[PDB]
Amino acid sequence: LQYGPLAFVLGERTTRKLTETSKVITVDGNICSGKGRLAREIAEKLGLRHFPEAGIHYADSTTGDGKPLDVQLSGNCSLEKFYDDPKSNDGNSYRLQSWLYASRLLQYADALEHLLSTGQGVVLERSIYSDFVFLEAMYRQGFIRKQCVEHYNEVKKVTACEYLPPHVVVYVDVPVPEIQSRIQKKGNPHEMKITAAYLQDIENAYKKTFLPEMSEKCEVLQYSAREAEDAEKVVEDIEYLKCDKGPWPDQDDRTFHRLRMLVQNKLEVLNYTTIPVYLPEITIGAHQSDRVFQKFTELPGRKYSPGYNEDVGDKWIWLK
Amino acid sequence: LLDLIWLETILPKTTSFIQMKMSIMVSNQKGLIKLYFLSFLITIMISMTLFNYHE
Amino acid sequence: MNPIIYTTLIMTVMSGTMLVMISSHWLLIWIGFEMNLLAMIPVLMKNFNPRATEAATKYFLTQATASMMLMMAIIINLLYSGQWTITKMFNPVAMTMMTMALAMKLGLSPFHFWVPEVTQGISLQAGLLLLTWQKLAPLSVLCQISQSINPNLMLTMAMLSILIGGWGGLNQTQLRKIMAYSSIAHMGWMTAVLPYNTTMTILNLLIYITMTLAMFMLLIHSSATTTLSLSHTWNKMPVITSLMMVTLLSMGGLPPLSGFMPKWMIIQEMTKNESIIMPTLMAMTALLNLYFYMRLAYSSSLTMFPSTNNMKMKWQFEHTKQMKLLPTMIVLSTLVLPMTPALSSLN
Amino acid sequence: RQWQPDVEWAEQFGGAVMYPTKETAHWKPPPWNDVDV
Amino acid sequence: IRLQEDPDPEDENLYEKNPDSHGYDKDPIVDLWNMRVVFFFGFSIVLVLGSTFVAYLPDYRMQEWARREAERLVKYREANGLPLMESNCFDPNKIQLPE
Amino acid sequence: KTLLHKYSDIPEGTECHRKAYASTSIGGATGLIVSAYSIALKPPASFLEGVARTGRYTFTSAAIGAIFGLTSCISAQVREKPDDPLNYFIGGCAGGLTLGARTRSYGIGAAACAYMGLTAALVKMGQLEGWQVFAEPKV
Amino acid sequence: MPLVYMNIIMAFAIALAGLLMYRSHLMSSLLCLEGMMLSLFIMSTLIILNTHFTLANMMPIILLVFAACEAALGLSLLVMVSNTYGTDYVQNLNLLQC
Amino acid sequence: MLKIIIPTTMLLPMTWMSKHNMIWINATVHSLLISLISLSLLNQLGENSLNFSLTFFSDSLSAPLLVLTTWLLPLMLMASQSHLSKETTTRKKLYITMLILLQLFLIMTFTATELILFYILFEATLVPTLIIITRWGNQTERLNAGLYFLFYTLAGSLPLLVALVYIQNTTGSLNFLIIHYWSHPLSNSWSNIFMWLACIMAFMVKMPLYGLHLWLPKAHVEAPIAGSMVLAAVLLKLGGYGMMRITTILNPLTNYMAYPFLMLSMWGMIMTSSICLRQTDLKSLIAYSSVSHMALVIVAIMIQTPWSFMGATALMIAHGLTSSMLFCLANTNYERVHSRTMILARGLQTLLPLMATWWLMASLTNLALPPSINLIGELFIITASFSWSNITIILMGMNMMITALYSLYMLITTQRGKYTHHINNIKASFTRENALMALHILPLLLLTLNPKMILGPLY
Amino acid sequence: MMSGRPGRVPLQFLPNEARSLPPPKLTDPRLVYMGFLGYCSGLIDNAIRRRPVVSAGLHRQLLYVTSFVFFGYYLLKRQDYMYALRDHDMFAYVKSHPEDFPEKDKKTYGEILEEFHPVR
Ligand SMILES: CCCCCCCCCCCCCCCCCC(=O)OC[C@H](COP(=O)(O)OCCN)OC(=O)CCCCCCCCCCCCCCCCC
Ligand SMILES: CCCCCCCCCCCCCCCCCC(=O)OC[C@H](COP(=O)(O)OCCN)OC(=O)CCCCCCCCCCCCCCCCC
Ligand SMILES: CCCCCCCCCCCCCCCCCC(=O)O[C@@H](COC(=O)CCCCCCCCCCCCCCC)COP(=O)(O)OC[C@H](O)CO
Ligand SMILES: Nc1nc2c(ncn2[C@@H]2O[C@H](COP(=O)(O)OP(=O)(O)OP(=O)(O)O)[C@@H](O)[C@H]2O)c(=O)[nH]1
């Protein structure tokens, strides 16, 4: 069976499979800093498990067929309409932040779960600790309401506390004049009007709290735009640390068993993201929720438990 | 006056009010261990006492 | 806790309870209660959160106090008769003394203030152990000494427990508090009939037990800790709320939903003993338990409640727990009313 | 469509104590995760 | 926008889709079949053969039997001349009066 | 049950002063028990406030018992029938009215007459017939 | 029943009352706890020796060796409640209001 | 009786095993078939109940009531596929399951030989009715109604429980037969009075009796249409059925310990019918009408008179058929206008010509127009009550006067008058609504020809 | 009650002297009732695990009814035992203490005087 209490009793450990390539290396920074491209190179050369930026459609990406579901069936919030209208009365602003943080948290569990079951380090774009900077900046510009800031906090406090912090964060320090020049190079029809003040408020939010917070919990390795392009230098940089700070170095098989218990169960990881705090942006009434759930249930695969859907061709269902 | 003022207040509302009124007191314990044990001490004392739980 | 450590810990808790039910010597009885307490505390202190530390401290203080208060009652029995067997005690003071000590460990009389709080702080899974398995050993001893019990004291313990059980549960929102107050009310129901018939106490024990795991482990599967958090379960798991509602209806004791079987037989047995005001009062105030039972049933399945946007995420993934013994517990706690003449099996 | 409870209905059932009083007005609902040389 | 709830639904006029709709179901063919089978096992099967069944049930309360024995009693008790109806039913000879 | 035995020993509708005396002792002791519990579960301020709450609860309970004791006995004297449960009923309502005076609310006093009046009739009801609230194990 | 026999009995009653009401300190509460077993150990000892219960002399030592399991677990709980809250003061155990 | 219970139980898989849209058809046709088998029991032998086994028995009292329940079962099914069609397959499947579990308990209740077996199923009808009222009820207050309904009848039923078990240990057996043959005179001791109160109060609450009647205006106003009729058409009669059955051991304590109930009922009918003279809500108007007619049966039963009993059962079933029907009338108009107020929808005879008729002889049957068995029921009670006391007619006669004024009043306000100007969504009435009305009217007037099949055992 | 019956060996589910009773028939209505309970549990089981209620785990459905029907038969024998045991020592006490079981006089209603209460 999967990792259970029986397996640990009969031999299944975690420290035996742990090795040097067991570092959580989160790449973070300003919008349009090439951190995503740099993360691929770091994971490629180090042999680390890369993790692409978990968007609105990451949860459906991880389960089912991985194909994106309809926005009504997943998220009910689009970064496209987000950028188009700042203060939409439908509350696409905060609803996106809560859903995106949920995908970041889900991605974090996949990193730890895969790391503990295989022993290969992980690199992820942004992080569950890299998601508060946006909402804080989103609050300063009035992109959300004040209670959105509060509701995001207990969701973090109830959830983010349980998981372990990373070891060496990767920062691509890119100034405002560069990313204002960089955004127009792509030409997608929702990023061409990103308010410069928004990207301005992203970086100083990183300055004041982001680096200082994890400095006591992990090493911080900053890089400029030039210092990030040469991925050869940073590779040796991250291989010359100690990661003594944070609770990660002190980790016996006792705590490992509990952590693998929670990440292998893909319900408790995201259980508290639905904390019953009724906010207008994120609360869905009974009628709308019921109709969408019927739409979700009638979809293939989700009708029954996985491996129990005759509509896809599951044979031997009478004896499974 | 008769149907949905008095007859709904004689039986239903009076019982509902009494149950709620006695509910707000019996469930509003202060959580302090001192008063809990002191409440036991009365119960232990008086139980072996004036109710004559010996004859 | 390492699973091997935890498994052996549970194992001695069961052994401690088992020793109580199979020991003729009074001293061995106190040993079984001592071992049960000795290993109950670490199970509560598994999550290691301040509420758990609060709950364990309260549980230990009241249980240890009753444990040695129990030991004092045995010595007085030795002081007045020189015996050690559990047949019928020989000193009226010791009768009340141990009845108080035994009862406090069940949390029914004014000696019950720990029960709502101790289950609140500790986790739900360990709560199942506290309100199901830790309630057989003291009941086992009480059945053995039911001959010498003092009816005046014991029935006063029953009335207060049912009255406080219903009244306390009306004002609570934390569903853990709901369960404990319901458990106290059920405890008063079973505890009233020991002077009359021990067999009916046993039947009330199994039915109440199966009902508690049915409710508790369903609550485990839903992963909810408040009424509001339980409300959202309809969106993710509509089925769970469907059986959870029928368990609540049975928990009230509405026929033909089994759970009315103990209340029915308890009323009948006391009625044979010319006690007829007593059955009526407990039966009348049994409706108090139904009110918060319906209230919990109302905002879980009967009426859908405003869910959350992130709840759509939960639909994609599936439960990993194999919910062992959950299905047959629901059926055994909801449909066994026609199979009532199995009372003879207990005798 | 039939009536369905709204957020106001939930808040009526959502307090720490369903029957509030001045003796319980200051009370606060428990944290959701129970965590308080 | 308060809550993300669906707007009030619009009442569906069954005659709008099919003018010959019959209020038993949206789908016409089974809508037609529901009528034929509700009327059949209802207006006809139970309301007619059921009605004559209860109407033609054998003697209820033994009414006819009560009449037939009745005149035999009167014809007997009018022929002899003793009163056709005694005041007391149970024979006082068979009874034991206390004291 | 010596305190209750005082009430039982005095036959109804005779020797009213002692009948009231027994009722006062029953009321005062009952008021003392609840007052002690209230002090315990809800600790008040400095002891003078504690005895002040004790003074209220005992005085209310003693007053309820006293007036109930008088009415239940003097009425049986006037109406020349001691077995009638109505004797306790008026006394039950009479005692219920005092609670409204002590609590300073007509509604609470009206409710007490409605309920305590009925229960007092029921308490006398069992005494006449022979009801056992706490029946010993018989079968 | 001799004068001394109930000199222990009241001592148990005084120890029980001392444990049944807390003044300010959990250690002092614990002190009344094993004080109660001391009288319990004591009271049993007179009974067994007086009655010449030649085989019951087992019971006292195991009464102590098992009351220790309570005590050992007892302070070990307090050390937990006195390192999060810092103080063994028992009025800080009201965090479980709701 | 297993020829009825077994097919009813086997119909439960029948619905759940059915296809997507065939659930309504199969459930309706087989329930109608079950009704036909129920009519096989109308023949009651001379003076003996049709005792089938120790578990189940039937006499002329439950014989009309049983077939009323089975006949009802299609009618809720025929009255439900309007608002239920906009729902998932499971929830519609669940709804049918509940009513069938409802009738199954009702079938078992009326046929039960043992008072305890009577008792268990008698309260058990709460469980399906409660969920039906709460789940699919189309209102907000229904949540309070469910509590009001459940506790009120249970608050009387629980004291009943202690009464039966006391009889079992004292008298011996508790079945309907031995009690009748071994009946003994009940003394006047105050304990016997309380047993009389316990053995009676549970049945009066479900009638209801005036004062203990506030759970009808709550439940009926916002219950679902299907659940509204059964609760109105039989569940009230369920309290009635126990009244004849259990008043076999309460003699002669009935004579003295009935005056408060007779005074509460004989005055309540005037008061409750005076309610009906003015109601803003049509469904509330019908619910209070059921209180008055049921209050007649309480008077009928409590006198304990041969003529009174036959009038009681005749009115009991007759009221149920017409009260259920009038509730269907409310559902139709409420469906078109999406409201319950009287004056909102008016002058509906012009818009809907046939419904003007259906609501018309529905009112006449509610009016006890002779020879409709509503008259043969009410008129019998007057004669029995008048023999009991000559002043009963002053009150009970005045009921028929008050019953007329409000009965036509809803006919005047809704059907007659001028059409409402703004209302324009009233389409032609579907044949389902018209048929359902006929399924009620025709058996009523058809049964007028043979009242002997409704006059009960005392006939 | 039987508690300490003279010869009740402990921890004995179905004592060997209970075999003198007629064993319950395989098609007993009580016995098959909990075969339903096993079946009724079967639908519940896969329902929680989100599986086709009727057609899924036919082996699981077979186990639930078979396990229920097995433990039921032995439980039913125990049920018949004690009730028969309850009746056995019952009658034995009657002819062991005849003084507490007098025979009431069989006097027909011809002499019995039951007062009649008219109802008007
Ligand atoms: C005692 C009185 C009654 C007490 C109990 C009352 C129960 C109903 C009311 C409960 C109270 C709350 C109100 C209802 C809430 C329902 C919430 C719910 O979960 O509804 C939706 C849910 C979805 O079900 P789903 O997962 O889609 O599976 C369908 C079947 N595949 O729906 C479901 O999960 C329902 C699925 C139904 C499956 C039943 C299967 C039955 C199979 C029968 C086989 C018969 C074979 C016969 C053979 C004859 C020959 C031998
Ligand atoms: C025939 C023999 C007997 C003859 C004498 C008659 C009987 C005894 C006297 C009457 C006893 C019943 C009447 C009530 C007595 C207690 C009254 C009392 O405690 O009042 C204080 C208080 C009520 O006021 P409170 O809610 O605090 O609001 C104000 C706050 N500032 O109280 C409370 O807040 C708490 C709720 C009330 C106290 C608990 C219940 C007390 C009564 C229990 C039953 C007593 C039965 C006595 C007789 C039988 C036994 C001997
Ligand atoms: C909402 C309140 C209730 C609504 C109204 C319900 C009906 C009113 C009466 C309720 C009576 C319930 C208890 C009756 C049990 C069965 C009665 C019975 O069998 O008769 C006995 C009547 O005897 C009784 O004492 C019965 C109880 C009398 C009333 C006292 C208790 C009931 C009222 C209080 C509890 C119920 C109200 C709810 C309170 C929250 C005869 O026994 P006996 O007294 O002759 O026995 C032999 C010997 O004399 C010793 O007993
Ligand atoms: N809310 C939220 N959005 C995020 C987070 N991380 C990334 N995004 C979104 O990811 C999208 C792409 O980010 P960009 O920085 O523009 O991506 P890029 O141009 O590839 O540049 P790099 O991120 O530097 O690789 C934007 O919509 C961001 O808001 C996060 O933690 N929270």
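Chains as they are written, first to last, in the entry's author numbering: chain 1O, 1 to 320; chain 1L, 552 to 606; chain 1N, 1 to 347; chain 1D, 2 to 37, 73; chain 1g, 24 to 122; chain 1Y, 2 to 140; chain 1K, 1 to 98; chain 1M, 1 to 459; chain 1d, -1, 2 to 120. Ideal Cβ placement from N, Cα and C applies to all residues, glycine included.
Chain 1O within 8 Å of residue i, Cβ atoms only
i                     : result
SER41 (chain 1d)      : no
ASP37 (chain 1D)      : no
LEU70 (chain 1g)      : no
residue 20 (chain 1g) : What the structure shows of chain 1g is the stretch from 24 to 122, and residue 20 (chain 1g) is not part of that stretch, so it cannot be assessed.
Short CB-CB distance (under 8 Å) between residue i and chain 1g
i                 : result
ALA435 (chain 1M) : yes
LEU14 (chain 1d)  : no
Beta carbon proximity, residue i to chain 1d, threshold 8 Å
i                      : result
residue 329 (chain 1O) : There is simply no residue 329 (chain 1O) to check, as chain 1O begins at 1 and stops at 320 in what is shown.
Within-8 Å CB hit, residue i to chain 1K
i                     : result
residue 58 (chain 1D) : What the structure lacks is residue 58 (chain 1D): chain 1D is numbered 37, then 73, with the residues between left out.
Min CB distance residue i to chain 1L below 8 Å
i                 : result
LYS125 (chain 1Y) : no
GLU12 (chain 1D)  : no
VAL90 (chain 1K)  : yes
Burial state of residue i, where buried means 16 or more other Cβ atoms lie within 10 Å
i                 : result
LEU72 (chain 1g)  : exposed
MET204 (chain 1M) : buried
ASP230 (chain 1O) : exposed
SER289 (chain 1O) : buried
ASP110 (chain 1O) : buried
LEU55 (chain 1K)  : exposed
Cβ of residue i within 8 Å of any chain 1N Cβ
i                : result
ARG95 (chain 1O) : yes
8 Å contact criterion, which residue i and residue j should meet: CB distance rounded
i                 : j                 : result
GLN107 (chain 1O) : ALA54 (chain 1O)  : 4 Å
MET21 (chain 1K)  : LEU589 (chain 1L) : 5 Å
Any chain 1M beta carbon closer than 8 Å to residue i
i                 : result
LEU558 (chain 1L) : yes
Any C-beta of chain 1D under 8 Å from that of residue i
i                 : result
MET571 (chain 1L) : yes
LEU93 (chain 1K)  : no
Stretch pair the region 76 to 93 of chain 1K + the region 50 to 62 of chain 1N: three plus CB contacts closer than 8 Å: Here the region 76 to 93 of chain 1K lies against the region 50 to 62 of chain 1N, with 3 or more beta-carbon pairs under 8 Å apart.
contact_flag[the region 223 to 235 of chain 1N, the region 292 to 302 of chain 1N] where n(CB pairs < 8 Å) is 3 or more: Pairwise C-beta distances place the region 223 to 235 of chain 1N in contact with the region 292 to 302 of chain 1N, as three or more of them are shorter than 8 Å.
Sufficient close CB pairs (3 or more, under 8 Å) joining the region 159 to 179 of chain 1O to the region 21 to 28 of chain 1O: Yes, they touch.
Neighbourhood of ligand 3 [Cβ distance below 6 Å to any heavy atom], ordered by chain position: Selection output, chain order preserved: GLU274 (chain 1N), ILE276 (chain 1N), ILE277 (chain 1N), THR280 (chain 1N), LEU281 (chain 1N), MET284 (chain 1N), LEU123 (chain 1Y), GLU130 (chain 1Y), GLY131 (chain 1Y), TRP132 (chain 1Y), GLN133 (chain 1Y), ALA155 (chain 1M), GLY156 (chain 1M), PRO159 (chain 1M), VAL162 (chain 1M), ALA163 (chain 1M), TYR166 (chain 1M), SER191 (chain 1M), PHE194 (chain 1M), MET195 (chain 1M), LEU197 (chain 1M), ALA198 (chain 1M), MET201 (chain 1M).
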